[PDB]
Every structure is written in C-alpha cells, then in structure tokens.
Amino acid sequence: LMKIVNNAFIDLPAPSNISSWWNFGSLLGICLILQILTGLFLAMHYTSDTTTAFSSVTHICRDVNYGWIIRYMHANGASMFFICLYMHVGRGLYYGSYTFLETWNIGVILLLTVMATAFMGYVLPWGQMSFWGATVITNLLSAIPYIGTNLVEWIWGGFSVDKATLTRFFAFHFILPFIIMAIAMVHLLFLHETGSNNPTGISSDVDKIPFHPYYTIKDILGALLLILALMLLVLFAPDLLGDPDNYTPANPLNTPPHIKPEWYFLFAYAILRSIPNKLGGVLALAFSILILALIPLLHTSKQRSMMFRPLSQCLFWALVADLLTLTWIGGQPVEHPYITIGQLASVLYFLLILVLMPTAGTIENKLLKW
Amino acid sequence: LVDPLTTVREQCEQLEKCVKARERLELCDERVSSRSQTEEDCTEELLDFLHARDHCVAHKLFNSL
Amino acid sequence: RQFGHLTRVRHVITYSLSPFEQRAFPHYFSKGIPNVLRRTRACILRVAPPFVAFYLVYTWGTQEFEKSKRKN
Amino acid sequence: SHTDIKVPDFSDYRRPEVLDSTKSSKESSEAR
Amino acid sequence: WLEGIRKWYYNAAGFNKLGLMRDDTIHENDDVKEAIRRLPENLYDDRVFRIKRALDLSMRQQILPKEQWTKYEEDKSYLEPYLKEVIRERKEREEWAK
Amino acid sequence: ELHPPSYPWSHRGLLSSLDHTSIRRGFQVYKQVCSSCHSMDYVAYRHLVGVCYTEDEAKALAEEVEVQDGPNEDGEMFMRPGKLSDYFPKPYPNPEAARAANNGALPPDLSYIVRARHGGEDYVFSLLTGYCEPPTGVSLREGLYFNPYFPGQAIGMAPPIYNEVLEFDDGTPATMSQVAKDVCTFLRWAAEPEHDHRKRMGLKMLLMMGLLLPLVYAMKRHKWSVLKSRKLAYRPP
Amino acid sequence: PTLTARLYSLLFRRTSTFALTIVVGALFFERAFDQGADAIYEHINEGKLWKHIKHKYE
Ligand code: HEC
Ligand code: HEM
Ligand code: HEM
Ligand SMILES: COc1ccc2c(O)c(C)c(-c3cncc(-c4ccc(OC(F)(F)F)cc4)c3)nc2c1
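Residues numbered from 1 in each chain as written, not as in the entry; some residues may be left out. Chains lettered and ligands numbered in written order. Part of a larger assembly, values for the part shown. Heavy atoms only, no water.

- The deposited coordinates derive from cryo-EM, with the record listing a resolution of 4.1 Å.

Written out as structure tokens, the structure is:
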C-alpha cells in the first residue's frame, strides 16, 4: 500500500488540453535522475584534491571505458536542465500558474538550490574559468558591511580559493540533489492538492482525464526528444556551450582574458556588471531571481492565462528578449556600446515586471468593463 | 622544395579585396614611413589584408595536401 | 482528490471510438497544415517584433562594437 | 428524448477497412 | 472611439473564437465561487458546456466558425449581478469588524 | 585580433573521421620538433596503439627514451628504457626551467591545446603558417617574434617548422603546410581521442531516433486518438 | 488474410509469446544494425581507419 501514492501517476485527474509546455516539469524528473547516475559514476574516478582533480577528469575521459560520454551527458545534462526550467517557469508566468503560491515559492527554492549547485559543480574540474569563476563570484559577498570579510574567508576555508574550498564544494554538490529530490516530491504534493493549470486559466474539473495512457506516453515522447538534444551535443558539439579556457588547469597567478560564468547564469551577471556600485549590484543580482516571489502580489488581471490577454503577451515576449539580451551582454566584454545596452536591458527587466505587466491587466480589465 | 602555400597565397593576393586591402596597407605605410615621432602603425591595415587573403587560402589549400 | 465528486455536470454527452477502429493520422497534411498557419498568424505578430528588435540591436551593437576598436 | 439521440458521422476519421456499415468488422480486427 | 476600441480588443483576445462569454473566464476565487454557487441550474449548466466545449477545442488546437463566435454586443454579463452582490457582502463583514 | 579562417578539414564532417595516416605523420612532428620544448602529460605510448602506431612500433619508441623509475633496493633512483604505460617524457623538469630556457616564456602543454583555444585547429595551422615580419611602426623585443594570430602578436615561439625541417617515413614531401596539417590532426586526436568513436554512436543514434520518434508519435496519436475524435452535445430538458 | 493479421494471431495475442519476439528481435536487430551502421561509417571514412591501412604494417 505504497501504490495508493502511485495514483498520482496513474489515476490522477488531469486536464485534457495541455500542450507540450507542461512536460518540462516531468523532464526535470528525468534530467535530475539522469544527472545523479552520471555524476555518481564520475565520483568513482574523481579526486577532490587540487593536485589530482584536473587529471582525474582526464582519467575518465581517456583511460576509462566510456568514461568520457558520462562527463558530457552530465555537464550538458545541466545545460538542458536549465532550458527546461526557464521554459518551465515561463509557462508558470505566461499561463498564470503562480496562483499556486505554495508551489511557486517552493519553485523558487528549488531554483536557488540548483543554481548554486551548478556553480559548485563547475569548480570541480579545477581549471582557469572554474577557479577564476569562483574567485570573482564569492568576493561579491565581501561587499556586505561588517560580515563579508569574515563570511567569504569562512566559505573558502581560508583566504583564497584553494584545496578546502574545492573539497567542500564536492560535498555540497554531491548532496543537495538528494535534497532537491525531496523538495520536488513536496512541490508536487501541494500541486496534487490543486491539480495543474491549462492554457485557458479556467477550472478544468469538468474535462479531466486520467494520466496513465495519455500523458505517460506523451512524457515518453517528450523525454525521448530531450535525450536527442542532449546526446546531439554529446555526440556532435560537446564543447559548444563549454568554454575552452576551462581545459587549462587552474593558474591563480594567470588571469584569463574573459572571465564569465556559463551561459545559464549570464543574464544575472550582466545585471551585476551594469551597476558600478558593487554592493548595489549584488542586491540587484539576488533580486533578479527573488522577484519571482513578488509576481503573485502583482497580479492585477481578473483573468489568469495570457492566451486571452493581448497586451501582456506583447510585454511577455519582450521580457524574453531582455533576458536573451542579458545572456548575450554577460558573455561579451564590457565596452561603451555593450555597457549602454546592458544598462537599458537590466532596467527593462525590473521595470517591465513590476510596472508594465501589472499596469496592462489593469488596462485590460477596463476595456472589459471591470 | 616548393611550399604550395606560397602559390595559393600568390593567386589569392590578386583578388579584389586583397588588392584593395593591399592598397591601404601601402598607403598607411607611406604615411608612417614618411612621418616620424608617431605611434600609429599599419597593424590594422595588415590584418584586414590577411583576413582577406587567408580566407581565400582556406578554400583551396588542402586540395594540394 | 479523485474522480467521482470533483464537480457537478448535467445533460452532457460524449461519444468516442476505439483507437483500433480509426486512423491515427487523419488529414494530417490535408487539414493540419492550414491550422498551423492559422495558429501561426493568430500569434506571430506578438512573438516576432521583440526578437526582430533583438536581431537589430545584436548587429548594430556588434558593428558599433567593432568600429570602436579600430582607429581614429 | 433519448430515442432522438443519434451518433454523428466519424467516417472522416474511421479506418478505410471499416467504412462499410454492411460488413462485419471482425474480418480485419486481427489486422487492425 | 473607445467603443470601437473595446470591440477590437474583444476580438483580439479571442475567447469569442472558442464560443465563450466573458464571465466564463474570470479567475476562480472565493468571491466568485460564492457567486457561481448562487447561479440557477439553466444558466449554470450552460456555463459548463461553454467551457467543456472550449477545452475540447484547445486540446485539438482548433476553433469554431465565425458563425458561432461570440459577438461583442451579445457578450452577456450573466455573473456580475450576482458577483457585485457578494463583494458588497464582504465589505460589510470587513466594515463591521472595524 | 584576427578571426582565423575555417578550412575544409577532412574530419569537419558530422560523420567524418580523422586521417589516421595523417596522425602518424603528426606524431613524428611533435617528436622531432616540439617534444624537446613542449610537454604532453596526459597521453601514453599505449594510446597510440591501434590508431597511428601499432603495438610493436610504439613499443620500439618506448625503448628509445630513458625514464626515471624505480627506487633501487640500495635506496636510489635510476633510469630505464620507457615502456608503453609510460607517458610522453616531459622535456623539462619544471616550468621555471622552461621560463629560464625561453626568456621567461612558458611553452604550454599540448594535450588539450586544440580544445583550449578558440578556433581550434584552424587557429593553430594559421598560427604556425602566419609568421611574417612586423608591419611598419611595429617593433618587438629580442627573443619575441611577430605573428598576427596571437593576442598582441608577440610570442617567443621561434620558427618550429619550415620546408624540409624534418623527414617523414612514408616518403611525403615535408612542406611547411604538409607538416602543420598533420600535427594539428594529431593534436585533435590528443585533445579528443574519442572523436572517431564519437560519431559512430552519433550515426547509430540518428538511425534509431529516426525510428523511435515517429513510432512513439504514433502510439501517442493512437491513444490520444480517442480524444481528438470525440464529440459532444447538450440535451437539456 | 494479410500478414499483419497472421502475426497478431500467433505472436501479439499472448503476452508471453509477445515478449519472446522482442528479445528475439533485439538479437537479430543488434546484429543487423551494427553491421549496416559500421559499413556506412567505413564507406564514408574509407581509407582513413586503422584496419583500412593496417595491412601495410604487418
Ligand atoms: C623553440 C621552442 C618551441 C618550439 C620548437 C615550439 N614552441 Fe610553441 N611556444 C614556445 C614558447 C616559449 C611559447 C610561449 C608563447 C608566449 O608565452 O606568448 C609557445 C607558445 C605556443 C602556442 C601558443 C599558445 C597560446 O596560448 O597562444 C602554441 C599553440 C604552441 N606553442 C604550440 C607549438 C606548436 C604548434 C609548435 C610547432 C608544431 C611548437 N609549439 C613548437 C616554444 C616553442
Ligand atoms: C542537480 C543539479 C546539478 C547541476 C546543476 C550540476 C552541474 C554541474 C556542472 C555544469 C558541472 C561541470 C562539469 C564539467 O564542466 O565537465 C558539474 C560537475 C560535476 N558534477 Fe554536476 N550537477 C548537478 C548534480 C550533480 C550530481 C547529482 C552529481 C553526482 C551524483 C554530480 C556530480 C558532479 C561531479 C563529480 C562533477 C565534477 C566532475 C566533472 O565535472 O568532470 N553533479 N556539475
Ligand atoms: C528540480 C526542480 C523542479 C522539479 C523537479 C519540478 C517538478 C515539477 C513537476 C513534475 C511539475 C508538474 C508538471 C508541470 O506542472 O509543469 C511541476 C509543476 C510546477 N512547477 Fe516545478 N519543478 C522544478 C522547478 C520549478 C521551478 C524552478 C519553478 C518556479 C520558479 C517551478 C514552478 C512550478 C509550478 C508553478 C508548477 C505548477 C504549475 C501548474 O501546474 O500550472 N518548478 N514541477
Ligand atoms: C500532468 O502533468 C503532470 C502532473 C503531475 C506530474 C507528477 O506528479 C509527476 C511526478 C511527474 C513526473 C516527474 N518526474 C518524472 C516523471 C516521468 C515520466 C515518465 C518517465 O518515463 C520515461 F519515458 F522513461 F521518461 C519517467 C519519469 C513524471 N509528472 C507530472 C506531470
């Protein structure tokens, strides 16, 4: 009598109209379980020490029987694991699922719990962009008054990134996914009290359907296509999203030309490089994420979806462009054309979310005599 | 011995973009050479020439190797 | 929650066939295609223009970035 | 009433083997 | 003129293209469910069909012909008379506490 | 800077492999030119087996160079002929001796140089094959030479190769280009020995995924077919 | 009748028989697919692989 719990996988009421956008919730359940198996088999041959880590990856990629595929099913198994989110989130914002506050506020807590885990995971190969990535990004906490000089040295276990900084990331990294797996079952738990949303935003109690033959096979399809776009990168462009300077071991006395995190952080980084004031830059960085927790308190339209909200559609897809911009600016260096652009886009990100998109639904209500 | 690379470059140098990038390279050369006590050089003028030539060498060279 | 008492419905009828008794690809090209174009025109003017705007600031910012690094 | 209830045409979607109302579907169920 | 603008926005939204009315779309909410519960059976049982039909369309990613689309002038506000009543009751409960 | 040009390498294809015959030539380059001044720590003579050298040929080369191995029972360390398990011998004992022997400059390792430089092998061939005098107005310090394909166009890498700088075994003419082609082919094997086995799985995948995607897409539109074809009506009293 | 109907009557009817087909299919599929796949790759990369040149060095 576990399998009363499998009714959430078999006899679960679910709507009928939901298109591919909802599959991205399940796929994380695959990427996560996929990534754990791969990263585990990397642990068998990884060493957490600085004199042996970078080589340890080589032991995998060279001497091991198919050790190399696992590295790239796993690194790029994180990249695809964030294409899935950002679309899994955009659904929740565009189709207005954030009214399930209990889930959404936990959706945030999964995001942060992850997007620090990749940061730790990117260190472990112990190359330049690994080291220098962590060197820059930890120092941002130094901007805080009265604490930062103490907290950063504590996280480092010293006065600069070194051995004990590495070894603890490996332990903070190879644990949190087992904490993330818990919060997912939690995250679903509050969802299975309410049942999922549809493109319309309307109560779908009338046209529910089971889950066992219909969405299962739909998830088998959607999972299959995911394994394509992953393995293509593994089998046709593995260094694509990477950064080749990583394949030089760490040299703390030789700074690389372009320091940057990987593509999935960069929109955050561009916001930071926009502001000259260091501390004020930080609170913008953390706020670019946490602002998701301010969305439902800024809901204004008496409708839920955006299939039936024209002005918000135009603003929504504008926000996506602002993101894509910030992804691009962060990857590119800091000069007078790109500085100016990076400033404008960052202002749009906060402006568009807080002001226009609420303002729209207010206007949209007025046209409908509300 | 003959490096075929020299032949392929020799043909690509005759192309329009190369001749025109060659031109400014000659013109800047006259400038900096005729002048004195200046920091300007023909670095950029050279690279534009070489970006053009070597792009032409790309399409042909390995046919000989 | 479960089936059976989710809500209340009255005087509604559903008809359905067995999948072994109907094609899985009926009018897949014959009718599906214009639905896509209909589904396309219905929304494309709301998706395109910010990404259209992106491609321009991408190039203009790119070219101006290049020109900045060249010379007087 | 209930007798006035009748099924509409699915023949746009039905398989070609089963478009003849006058024939028994069993003969091609094995193939379907 | 604004009336013409209200009309264009209505067709732009497109819930006429699924045969729905306005009040069929409003966010499920405590003040609303109260109002829905007070509906009569005729009007209610019509609401359910306007919805369940529409969901059957969005599943197929189709719509209805222009002849069945909801017209702007025919957009019945069947729920507002009952809803504005409920919200009035709520403000009395709040005002009574104060 | 200078964006290098992209070439028609034999292995640029999504299913194209490496010219293993060229990898044979490329190793002879690294061994007679660069192995005196560059390290390659993450390769063994055994990895060459079955790719460009065979067992015996590589084994013979293991016995050409001496390697420091074995705490003697007397309590000392000696030199022996290398074996296949041994890695490529590092020319220098430590990077400071390298900076000492190259005017403060550091010859980099070359295990991952392909995949550690933007542009990849296209860069490298253009780098060796891009030497020229500086233009007017440009002047460099002693030891350092000019090359447009480097940031700042200033490196300590004096000419490693030129026409008949060496000789090949297969009777190939050793033009500077022929040399730089083969070596870059070797390095792409070093930084990515899985390359030739990568694509075979890439081939097996697309053939399977060419099949499973439509078939699964049928079972979907087989089971959902009930719902894409259902109908509704409204019969109030 | 058609072949599809004959296949169902013998194989896809009993789930026990059904499964044994799939294993049997996998074996001959595993063999056939690998042979055909390699042939294409070699045909593309003809004269570039070790064995294609290995004969010269024995
Ligand atoms: C005469 C000693 C010497 C030989 C021979 C030599 N190198 Fe170099 N190389 C150096 C030194 C010293 C540097 C350091 C350049 C610098 O510090 O800017 C260098 C730099 C390089 C670079 C550029 C590194 C970068 O980040 O841009 C590459 C690539 C390289 N070596 C590989 C090669 C190749 C390819 C060859 C010819 C097949 C070769 N080495 C032969 C000494 C040598
Ligand atoms: C759940 C969220 C996770 C994210 C976002 C993430 C992300 C990453 C990334 C991007 C890398 C860089 C790898 C590279 O550049 O080659 C990495 C490394 C690594 N990951 Fe993951 N990972 C996650 C979970 C895991 C799990 C569950 C494990 C083990 C069970 C794991 C084990 C490792 C190891 C050992 C490394 C270092 C080895 C190496 O990078 O070659 N990670 N992680
Ligand atoms: C490890 C990370 C995550 C896991 C395992 C996970 C898992 C799931 C799954 C399987 C669903 C059901 C499918 C769906 O409704 O799309 C779901 C729903 C949802 N997720 Fe997550 N998700 C993750 C990340 C997130 C994040 C980062 C957010 C928000 C920032 C989020 C917000 C939501 C919301 C609002 C829903 C319900 C929306 C609805 O049903 O309409 N999730 N989650
Ligand atoms: C209607 O939307 C919903 C609503 C509720 C959901 C829910 O409660 C869960 C737990 C999941 C889910 C989460 N992780 C993984 C899977 C999964 C599915 C197929 C697999 O099979 C294979 F083909 F191998 F991928 C393997 C894993 C499903 N999806 C939900 C989707």
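Overview of the coordination of the iron atom of ligand 2
All names here are of chain A.
Stage number 1. Ligation of the iron atom of ligand 2 by protein atoms is provided by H74 (NE2) and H173 (NE2), these donors lying 2.6 to 2.8 Å from the ion.
Stage number 2. Coordination at the iron atom of ligand 2 is irregular: its six donor atoms span angles of 58 to 161° at the metal. Pair noted here: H74 is in helix α3 (residues 67-94) and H173 is in helix α8 (residues 163-173), with a separation of 99 residues, a long-range link. The same class applies to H74 and to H173, which are both buried. (Donors = N, O, S within 2.8 Å, 3.2 Å for Na, K, Ca; no water. Tetrahedral: all angles 85-135°; square planar, octahedral: opposite > 155°, others 65-115°. Helix = DSSP H or I, 4+ residues; strand = E, 2+ residues; numbered from the N terminus. Buried < 20%, exposed > 50% of the residue type's maximum accessible area, 1.4 Å probe, protein only.)

Digging into the interface of chain F and chain A
Stage number 1. On the chain A side, the residues contacting the 34 residues of chain F number 32 residues.
Stage number 2. A combined buried area of about 3200 Å² lies between chain F and chain A, and 68% of that area is made up of carbon and sulfur atoms.
Stage number 3. Between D63(A) and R46(F) there is a salt bridge, with the nearest N and O atoms lying 3.2 Å from each other.
Stage number 4. Inspection of the chain F/chain A interface yields twelve residue pairs in polar contact. (Contact = heavy atoms within 4.5 Å. Buried area = accessible area lost by both parts, 1.4 Å probe. Salt bridge = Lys/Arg side-chain N within 4 Å of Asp/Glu carboxyl O. Polar contact = N/O pair within 3.5 Å; in protein donor to acceptor, adjacent residues only side chain to side chain.)

Comments concerning the site of ligand 4
All names here are of chain A.
Stage number 1. Every residue near ligand 4 is listed here: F9, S26, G29, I30, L188, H192, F211, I220 and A223.
Stage number 2. One of the side-chain nitrogen or oxygen atoms of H192 is found 2.6 Å away from an oxygen atom of ligand 4.
Stage number 3. Surface burial for ligand 4 is 69%, taken as the share of its 630 Å² of free accessible area covered by protein chains.
Stage number 4. Within the shell around ligand 4, the residues separate by chemical class into six nonpolar, three polar and no charged. (Near = heavy atom within 4 Å. Areas by Shrake-Rupley, 256 points an atom, 1.4 Å probe, with all protein chains shown as cover. Nonpolar A, V, L, I, M, F, W, Y, C, P; charged D, E, K, R; others polar.)

A few points about the UniProt feature "transmembrane region" in chain C
Stage number 1. On the UniProt side, "transmembrane region" is annotated at positions that read residues 38-66 of chain C here.
Stage number 2. Within residues 38-66 of chain C, the helical portion is 93% and the strand portion 0%, while the C-alpha atoms at the span's ends are 42 Å from each other. (UniProt positions renumbered as here; feature names shortened; annotations may be inferred.)

Thoughts on the packing of aromatic side chains
Stage number 1. On inspection of all chains with the given rule, the structure shows 48 aromatic pairs over all chains.
Stage number 2. When the centroid spacing of 5.9 Å and the interplanar angle of 25° are considered together, the rings of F211(A) and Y215(A) count as stacked. Each of the two residues, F211(A) as well as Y215(A), counts as buried.
Stage number 3. With 6.1 Å between their ring centres and 25° between their planes, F54(C) and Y58(C) make a pair best called stacked. In this pair, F54(C) and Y58(C) are both assigned in helix α2 (residues 44-68), four residues apart and thus about one turn of the helix distant.
Stage number 4. Under the relative-accessibility criterion, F54(C) is labelled buried at 14%.
Stage number 5. Residue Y58(C) is classed as partly exposed on the basis of its relative accessible area, which comes to 36%.
Stage number 6. Within the aromatic cluster, the residues linked to one another by ring pairs are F27(F), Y30(F), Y45(F), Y53(F), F88(F), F186(F) and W189(F).
Stage number 7. Above the ring of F100(A), the side-chain terminus of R304(A) is found at 4.8 Å from the ring centroid.
Stage number 8. A cation over a ring is seen here: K181(F) above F62(B), with NZ or CZ 4.7 Å from the ring centre. (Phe/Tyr/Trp six-rings, centres within 6.5 Å; stacked < 30°, edge-to-face > 60°. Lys NZ or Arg CZ within 6 Å of the ring centre and 35° of its normal.)

Brief notes about the pattern of salt bridges
Stage number 1. The final tally for this structure, using the stated rule, is 49 salt bridges over all chains.
Stage number 2. Residue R8(C) pairs with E41(E) through a salt bridge whose shortest N-O separation is 2.6 Å. Residue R8(C) is located in the segment before β1 (13-15), and its partner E41(E) is located in helix α3 (residues 41-60); the two belong to separate chains.
Stage number 3. On the basis of relative accessible area, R8(C) is assigned to the partly exposed category, the value being 35%.
Stage number 4. For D31(E), the salt bridge goes to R90(E), with nearest N and O atoms at 3.4 Å. Here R90(E) lies in helix α4 (residues 80-97) and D31(E) lies in helix α2 (residues 30-37), a separation of 59 residues in the sequence.
Stage number 5. Ionic contacts of the salt-bridge type, sharing partners, join the residues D207(A), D56(E), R60(E) and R230(F) into one network.

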